[PDB]
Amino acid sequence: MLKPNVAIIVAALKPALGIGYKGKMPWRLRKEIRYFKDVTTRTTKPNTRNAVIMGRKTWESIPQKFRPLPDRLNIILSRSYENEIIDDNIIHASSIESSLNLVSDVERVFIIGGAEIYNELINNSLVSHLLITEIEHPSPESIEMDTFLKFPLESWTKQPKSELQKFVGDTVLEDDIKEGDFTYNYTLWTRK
């Protein structure tokens, strides 16, 4: 597939934009996971699917029985991999662009993590949209975190919820979702 628009999808804790701790997410937000699954899976065209791209360490973090993520083409990057189609659901590649050359009948492409992937791919011009779930907590400093987004947000524009709605189509978008002490909202950002 030639030069598709790519989107990054991540959940981060404000104000620092922390996303992890010792290889895991520092929260369990059940509704947020459901939103991730829906946005990443749904398509509008007929015989198409979406593709999700992740770094080797994230792939490895999914229990073997639960990979590949169902109903989406999974792409796994590692600097040690050859560009290769494993099966109809799994591709190995050493670069985002090389992976995309092996795909057909894909509607949208999403980068799902982790931190190294995010922090490196944010500067790739193929990335056109960011879906950030912005998480808030009364005492963000009490949450232990070792991993953060280093995104140049001064070069991006947060769109109105109308644009996000249009992006996700049918998916229901609630406002100020609360789970335990966390409060969160979904946002869409595009480049200036």
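One rule holds for the numbers: they count along the sequence shown, beginning at 1.
For the segment pair 82-90 and 68-76, the entry gives 82-90 the higher mean B-factor, averaged over Cα atoms. The stretch 42-50 shows the higher mean C-alpha B-factor when 163-171 is compared against 42-50 in the entry. Highest C-alpha temperature factor among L121, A115, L100, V109, as the PDB entry reports it: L100. The entry lists a Cα temperature factor for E144 that places it in the highest third of the chain's modelled residues.
For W156, the recorded CA temperature factor ranks within the middle third of the chain's modelled residues. Residue-level temperature factors show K57 in the middle third of its chain, judged at the C-alpha atom. In the deposited entry, the Cα temperature factor of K150 sits in the top third of values across the chain's modelled residues. Residue-level temperature factors show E136 in the highest third of its chain, judged at the C-alpha atom.
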